[PDB]
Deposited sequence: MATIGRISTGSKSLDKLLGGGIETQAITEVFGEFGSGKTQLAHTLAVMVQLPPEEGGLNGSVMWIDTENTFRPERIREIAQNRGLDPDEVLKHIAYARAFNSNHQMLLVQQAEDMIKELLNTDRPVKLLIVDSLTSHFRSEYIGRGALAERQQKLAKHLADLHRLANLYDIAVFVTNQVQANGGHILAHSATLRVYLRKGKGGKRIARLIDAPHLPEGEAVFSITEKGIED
């Protein structure tokens, strides 16, 4: 099945990514606190809902939040400035807070039910966000013997995500505070954000349109 490509809102970043973030893939953004990872997530949750000729996939969204950082009003704001209706856009984001890492893993299995339901409708799920992929795993797996167990659980979680991405043609987008594709993000001068691929650089600003050049 052809890979779909979701515009980030930044032409610079889109170019770096080869046209946008890919379906049938997990794109992992890395960066320090305040780098803009969650702003990119909010922007993508809007962009994906655009028609293909405007950089989207006419898609629905599922969002797993581990840090209570999802902001419906930010979504409304971005939607308004991208030519979309803020209420309709929010309606197409299925939102869940993950209580701990085990519940986070279960929510991915739960997501498949809605994915199946919407699959052959005109608004299939096309983006699954996990923000943050690792925050619960970091806080819970501490002490002698914990590392091997943390890593096994995280591997299983990533495998579950890859399966949804590949089986249902979805872009999975995850954040990691300091992957088929790893992107390092950092805040620079004048509040500009700079992105680099791991294993040129794109530059963008955070604005009322989400992100743009």
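Trainee: In sequence order, which deposited residues have no C-alpha?
Mentor: Holes in the chain trace, numbered from 1: 1, 180 to 190, 212 to 217.
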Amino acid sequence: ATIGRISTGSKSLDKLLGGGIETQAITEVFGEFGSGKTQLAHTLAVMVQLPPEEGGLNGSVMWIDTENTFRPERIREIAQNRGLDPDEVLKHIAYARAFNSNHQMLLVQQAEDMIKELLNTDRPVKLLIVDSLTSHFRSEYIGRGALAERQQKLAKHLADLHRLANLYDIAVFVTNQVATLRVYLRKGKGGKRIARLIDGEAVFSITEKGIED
From here on, numbers count along this sequence of modelled residues.
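Trainee: Mind pulling up the entry and telling me whether 67 to 75 or 99 to 107 has the higher mean Cα temperature factor?
Mentor: Higher mean C-alpha B-factor in the PDB entry: 67 to 75.
Trainee: Tell me which of 47 to 55 and 165 to 173 has the higher mean C-alpha B-factor in the deposited entry.
Mentor: Per the PDB entry, the higher value belongs to 47 to 55.
Trainee: Quiz for you: based on the deposited Cα B-factor, which of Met62, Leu185, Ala148, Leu154 is highest?
Mentor: By C-alpha B-factor in the record, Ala148 ranks first.
Trainee: Name the one of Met114, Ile129, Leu84, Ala94 with the greatest CA B-factor according to the PDB entry.
Mentor: Spelled out: the listed residue with the top C-alpha B-factor is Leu84.
Trainee: C-alpha B factor of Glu201, ranked within the chain: lowest, middle or highest third?
Mentor: Middle third by C-alpha B-factor.
Trainee: Which third, lowest, middle or highest, does the C-alpha temperature factor of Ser139 belong to within its own chain?
Mentor: For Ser139, whose C-alpha B-factor we compare with every modelled residue in the chain, the answer is the highest third.
Trainee: For the chain shown, is the CA B-factor of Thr180 in the lowest, middle or highest third of its modelled residues?
Mentor: Highest third.
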